[PDB]
Amino acid sequence: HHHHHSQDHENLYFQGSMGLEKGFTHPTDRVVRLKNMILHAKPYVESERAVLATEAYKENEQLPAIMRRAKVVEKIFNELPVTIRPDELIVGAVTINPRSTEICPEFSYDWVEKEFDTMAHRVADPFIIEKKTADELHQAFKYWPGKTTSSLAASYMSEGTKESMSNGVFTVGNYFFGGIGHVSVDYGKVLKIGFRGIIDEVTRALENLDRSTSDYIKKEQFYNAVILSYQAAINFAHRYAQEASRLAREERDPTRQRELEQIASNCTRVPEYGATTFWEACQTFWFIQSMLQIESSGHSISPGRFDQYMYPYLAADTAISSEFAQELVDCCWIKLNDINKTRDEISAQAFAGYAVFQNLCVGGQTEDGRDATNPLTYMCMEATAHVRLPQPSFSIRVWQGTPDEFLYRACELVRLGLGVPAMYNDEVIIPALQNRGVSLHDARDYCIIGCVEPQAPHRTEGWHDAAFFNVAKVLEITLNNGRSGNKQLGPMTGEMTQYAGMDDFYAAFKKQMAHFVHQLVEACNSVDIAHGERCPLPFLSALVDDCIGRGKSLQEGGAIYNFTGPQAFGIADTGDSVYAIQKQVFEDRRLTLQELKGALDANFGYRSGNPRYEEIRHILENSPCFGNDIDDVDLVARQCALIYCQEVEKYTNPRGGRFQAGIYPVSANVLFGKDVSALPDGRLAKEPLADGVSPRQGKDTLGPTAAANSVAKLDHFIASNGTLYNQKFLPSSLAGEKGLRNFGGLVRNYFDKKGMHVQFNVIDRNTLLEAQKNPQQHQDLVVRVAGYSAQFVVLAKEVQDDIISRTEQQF
Amino acid sequence: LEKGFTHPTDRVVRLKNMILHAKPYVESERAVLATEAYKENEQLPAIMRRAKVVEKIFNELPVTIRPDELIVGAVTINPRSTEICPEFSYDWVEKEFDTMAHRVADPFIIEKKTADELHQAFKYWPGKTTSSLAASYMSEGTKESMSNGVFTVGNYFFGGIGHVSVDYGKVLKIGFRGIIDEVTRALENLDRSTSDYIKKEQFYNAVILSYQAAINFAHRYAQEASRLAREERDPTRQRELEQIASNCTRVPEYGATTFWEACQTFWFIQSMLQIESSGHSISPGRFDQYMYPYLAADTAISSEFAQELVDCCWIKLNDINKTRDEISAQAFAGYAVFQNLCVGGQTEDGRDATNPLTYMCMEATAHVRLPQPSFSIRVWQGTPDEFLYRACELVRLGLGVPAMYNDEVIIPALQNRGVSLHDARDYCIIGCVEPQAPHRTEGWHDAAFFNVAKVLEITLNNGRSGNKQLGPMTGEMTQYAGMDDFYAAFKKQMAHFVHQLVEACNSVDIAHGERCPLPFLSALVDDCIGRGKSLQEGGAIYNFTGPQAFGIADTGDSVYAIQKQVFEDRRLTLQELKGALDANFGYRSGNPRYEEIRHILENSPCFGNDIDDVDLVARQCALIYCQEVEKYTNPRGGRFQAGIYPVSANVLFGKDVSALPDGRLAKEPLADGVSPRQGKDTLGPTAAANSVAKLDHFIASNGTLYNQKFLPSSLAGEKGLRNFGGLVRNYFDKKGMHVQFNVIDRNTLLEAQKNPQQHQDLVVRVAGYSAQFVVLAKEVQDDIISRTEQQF
């Protein structure tokens, strides 16, 4: 076996001496220019994609939905503007201007128009809408009224489900206003066989159709839609091939001209055919990544195990230098930051930070249970250190057999303060996936979707961020006998003041949860039926088993595994609150039910000055908190979470799949706390809620190992759509080789104690405050929000302040 | 035995003539309202859109009560006119604005204003119709076969579906308001633990919204009758209107409490269905069974008033009309919507089911003598002598009605398709001859016309039609070793085109389920409410698709002609026959050899003369078609099943078939149903009946059709009725399914042709239905005139 230049930087740093602190290499000037063109780019709204898809719909009213969507994607691939940026080796642009956003009106449209003037200036994720762009979208939007997926989904929902959503119990906005996404497709298949191979599987499947029944008629419509879609897709790359050549014929720099000529050649081979060089393999990867998000605005299109399916193309390519390979990976990380997505101004504040959540993980196990580290694994950590942009949502998997090298190199990278990589624990995830019926071998191949949601890749329709659900709000409502303000949203579970024990409250809590989770499932499933009836996707579907084999889209159940995953909010908030009641009322009998009720309704006297309240606030504010290794309060948080996770688990979706709870906040634990009044934990009305399964802001006081011991007491296995735990560290506390060993020691402890995930900010309290006071000088400060990272200066100030609010850990 | 018939009131007479003098218009109010409803509701699920469609119409269509009528409810402002239903197709309407007044088959007047209104509504429709979607599902192979005249699925392609007999009795006992409570309770008992309840609860809510609109429609008729009672100077008509207004308040909202209410319930169901959708063959069915209890409980009513109410029902049935595009208007000629109503038969518990209303419905036919209802009787070994003889006595008036159906074939036939013994005993007839268990079936009983003679043509030209290759190359005709090589070639051609037939239907089937399931109709058929599914989604207990063979006797006689004149007797060679057919037997060559070959073939034994040889080839060619059809299934989980009936298109589809081995020249009419070729049954009615009964009728469980035409002289007197009924019991005891009789003199038909203005009341039997003879195109008139005249 001969030497390969992907080793040339590990015979240094890992196989040649040199204690745990090793530093990172520097990107080429080219990577630095590309990196900056993204940072300084002003995000616009563009019209070309929306108008082209609107026209495809008008011209094809009579086709079945699956063929209409093929006509949509063929018109867009054949006519969308083809843009190649200065300096890029990997080409393919969703928008003309960098880091801009298409509009997808097939899902929803009217907030875009309602917001033509206000979007340039709104608090969260503003975009610039040129006047000409507004006009063309105004003309396009005249087609859509009642013709959207959202409008259909609303008319499947009962009036009580919609009341509960109006009043902050829960929301299904994500897949209601936009596409689904949340998937890790079969990149490897396209790498080996290409779009042409996909076309050929479909010809074979079409030639073996059983035609002795009515069942062949729609399946044939699906197969023809696929073939048409990938004919347009092959065309889309040829279109880039041709513009590379046109740029090459007029380019004055000879080495840039030679690059452009090579890009043209690349786009002539891939993705239509299997890739033959690492450069092609990256171009295939990026064509898939971008084209998917042209076809639909669904985010969390996650590269997944990109170190595994790309590595064979790197090993075969002995021609290229170490640093060119690494430069190709860097351009891939920068292209990933070109994608953007606008949402209505309330949803923007929940997915804040120009974020499309495209998660990429490295390491882990093979399907045979062996460690899967390879040289590309490390090159991906290097690329993150080179580019230091919010995307990709870079990630590592960890198991008992993880090399210390890889956990130490990952910790070393985390210590840069970007929030990446996040860390996910095979030893909990694999068992959790098998419990939802994923096969052991498919389970071992898991990657992470979006923030923290695990999935057997190219095998799953996951719906991993279907809904946001406020467990704090359900507590509020349980204590007010099923009303929220002047609206009866839940059943009558007796008035609070007539509880005799904690048995009476838990039974009341279970009945409310059972009522609202059922409404959640209805709202979710109504969205599910609507995407199936009006927007099945022939392009996406071809890249997930077993769509092609079954002749059905992902939207109508062709995947092997099928899930729907709604997200709990305010878990620590709820558990601490329930515990305060349990000791400050029923055990220490230190205030009574009727004064709590009055204290809540009064908001602890935040306008009175009533000292019985401003001080039974203190009695509750100072009760034992989740996150301090105290079994009393931690097991109550375990129980409150299990109450949500065990209801969710009971339901099924129209694709033949199970609902499964996740626990993660994306950037909405501020926004959604506004929907809850004063709480028994002494939290005041409309105050933020706890991110993920993290303890409440600032109430874990016995240090990072006590906190992590608490979180691990929760049932992470049953929240198989994924849990999220944040920690923030003082940077001085992790410096040096003593820092890295403490740091890896913590992660090891937390994962052996069967938590699913953890990630870290590593930053000085004054660095964040400075970015606040002086935004124009900290454009590039990237920190971790929750399961993803963002430019801290684009976050609304109150989400900024919630990040500052978080407990600072020290060893 | 010869009892004669009573007369109707002068009111019935005036109401009859109103229909019979009525000029047919195209009206627009319904099409504009439905169009408006779709526009306002593009976001709902299909079933709810369809609920909003019928609620706009039920709440806003013009309500118009006509002079003298006792049973009220009008689809159209103008008598005997047609709504437009752009849901299904629209473009032939606009393409035909200035020619529909003057076309040969079923003309309609289109006022300028009417066409402007439809022009405005049609702008919404391009690409939104059921037909446009159904076409997108069909292979180009299947489309090519259809434009070449192998077969057509136009009926449900261009229009609604229909072809159902709804649970009339349920509405009679519990009412719309009672329908609503079944659905409320089904809703309250919905299992809501999976995702499957969501769509079921859409359906339930769509149904409820429709029946609340349906109550409003009846109450709008109560308001109109009240408005008219204000201004009525005739005080007996005023009290009539007052009582009508009371009726329409009570029914169909609640169950019926008088026979007059009961009749009103019936007509409201009958007309409202055809407001919801243009599907025809909305068949009243066993009207004498479900209506009789309301007659027996109404002790106040006089027997001549009860009869006057049934007469008005008969007359109302002739108020419905339906335009179609110029070409398919000829296949359903005669302003026909084929509302088949039957009396007699058995009960589910095996007893004969004759009751006083049975005979009142026969009287109604003799009182009114209009084309509708498509009146029918059921016969079984228990049919009382007096009922068959009374029926025959009514056949003798020369109206075509009643057509006669055989329980002893039909019940086993249905029972072979899975229908339970008790449901099969309860069967009625749909449209022309198609039997079902009522309010239990989505039957699709006229899904398609399929031309077996055209397949024969194609089989003999090695799959070619025109000279365009269109089917498999099963071998050139000249290269057949025996009849075996033919039959194998014919089977392969049959399997090829039946499979395309099945594709074409199922596409139209998928299109209807997907764009236009019906929340009003479905409520009235088991097991829709119980399952929470429309008829289009498979809610019915039983589910079929019925395509119809053309050219059976034409195909049998030709296949035998080859068998005898070519193989057995060597009167010519396969090569001479091929060349003869090619040259149309020298119809224009003058070639003496081709003209005497033609004479040889013309004179080979024919089906219809009780000759076993030629007859068993008729059975065999029919079996080849019926056995292929049996093989396929539909998207509703149901079985295809063959029919054999022509409605009015054995001429139209004759123009699609070239010369045939039996002598028929190119483009010449084909045989109607399972009847022997026109004029070719020569040994008289018993001999002909014995041939037709040799076919396999059980296999063709969508129903066979057998015409006979007698010289009136031959049925006169008590021995007339005796020979006439013996013939029937002969035919049914030999297990034929259906027979129906024209009783008319050749001159009466010729005089109708020459002086149509004097003969507008002349009503004869076309095929499975009757129509005004003078409205039929000349080539259909001539085909009916050309039929064999029987005598005893």
Side-chain angles (χ1 to χ4, degrees), chain A residues 57-68 71 143-159 161 211-218 220-221 224 518-519 521-530 532-534 557 562 564 650-659, chain B residues 38-49 52 124-139 142 187 192-199 201-202 205-206 495 499-500 502-511 513-515 538 545 631-638 640:
Chain A
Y57 275 90
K58 295 177 189 178
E59 299 164 0
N60 291 290
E61 293 275 345
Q62 89 277 11
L63 305 176
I66 191 58
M67 275 292 294
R68 190 176 312 114
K71 289 286 186 183
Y143 170 80
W144 288 105
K147 292 175 186 162
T148 57
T149 42
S150 57
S151 58
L152 172 55
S155 35
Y156 274 113
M157 296 166 182
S158 71
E159 204 64 33
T161 287
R211 291 171 185 270
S212 62
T213 281
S214 60
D215 168 61
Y216 85 85
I217 294 179
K218 287 168 85 74
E220 189 168 16
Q221 290 292 319
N224 289 322
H518 190 278
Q519 286 182 344
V521 169
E522 204 193 66
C524 280
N525 283 340
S526 303
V527 175
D528 211 333
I529 303 170
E533 297 189 358
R534 287 187 174 186
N562 280 285
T564 304
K650 299 179 183 182
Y651 298 91
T652 58
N653 65 33
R655 293 161 281 106
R658 184 71 56 186
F659 281 60
Chain B
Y38 282 79
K39 282 181 177 176
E40 299 172 354
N41 293 294
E42 309 232 26
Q43 80 275 11
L44 306 179
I47 192 69
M48 267 290 295
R49 194 177 307 111
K52 295 294 287 191
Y124 171 84
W125 282 105
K128 287 171 168 67
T129 54
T130 56
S131 55
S132 45
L133 177 61
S136 320
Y137 278 119
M138 301 177 189
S139 85
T142 294
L187 199 55
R192 296 161 187 263
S193 67
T194 73
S195 78
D196 120 304
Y197 86 86
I198 292 172
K199 277 181 71 74
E201 153 173 325
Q202 279 293 302
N205 290 323
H499 189 266
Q500 287 176 342
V502 167
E503 204 187 55
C505 290
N506 289 339
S507 296
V508 179
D509 204 338
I510 289 159
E514 170 162 327
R515 288 191 170 189
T545 304
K631 295 181 178 183
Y632 300 92
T633 46
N634 63 32
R636 291 166 279 108
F640 283 50

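Chain identifiers are assigned alphabetically (A, B, ...) following the order of the sequence lines, protein sequences preceding nucleic acid strands; residue numbering begins at 1 within each chain. Values below: all heavy atoms of this structure, side chains included; hydrogens, waters and symmetry mates excluded.
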*Asks:* Check whether B:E514 gets within reach of chain A through its side chain, its backbone, both or neither, counting any heavy atom under 4.5 Å.
*Replies:* side chain
*Asks:* Any carboxylate oxygen within less than 4.0 angstrom of a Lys/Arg side-chain nitrogen, looking at B:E201 and B:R192?
*Replies:* yes
*Asks:* Under a 4.5 Å heavy-atom cut-off, does chain B meet the side chain of A:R658, its backbone, both or neither?
*Replies:* neither
*Asks:* To the nearest 0.5 Å, how far apart are CD in B:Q43 and NZ in A:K147?
*Replies:* 12.0 Å
*Asks:* Counting only heavy atoms closer than 4.5 Å, note whether A:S212 contacts chain B via side chain, backbone, both or neither.
*Replies:* backbone
*Asks:* With a 4.5 Å limit on heavy-atom distance, are the side chains of A:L63 and A:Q221 in contact?
*Replies:* no
*Asks:* Given heavy-atom pairs under 4.5 angstrom as the criterion, report whether the side chain, backbone, both or neither of A:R534 touches chain B.
*Replies:* side chain
*Asks:* Between A:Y143 and A:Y57, how do the two ring planes meet: parallel, tilted or perpendicular, split at 30° and 60°?
*Replies:* tilted
*Asks:* Do A:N525 and B:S195 have side-chain N/O donor and acceptor atoms under 3.5 Å apart?
*Replies:* no
*Asks:* What option among B:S132, B:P635, B:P45, B:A134 has the most heavy-atom pairs under 4.5 Å with chain A?
*Replies:* B:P45
*Asks:* Could you tell me whether a side-chain N or O of A:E522 sits under 3.5 Å from a main-chain N or O of A:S158, the two making a donor and an acceptor?
*Replies:* yes
*Asks:* Which atoms of B:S507 are under 4.5 Å from chain A, going by heavy atoms: the side chain, the backbone, both sets, or neither?
*Replies:* both
*Asks:* Under 4.5 Å heavy-atom distance to chain B, tell me which part of A:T148 shows up: side chain, backbone, both or neither.
*Replies:* neither
*Asks:* Where does B:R636 contact chain A at under 4.5 Å (heavy atoms): side chain, backbone, both or neither?
*Replies:* neither
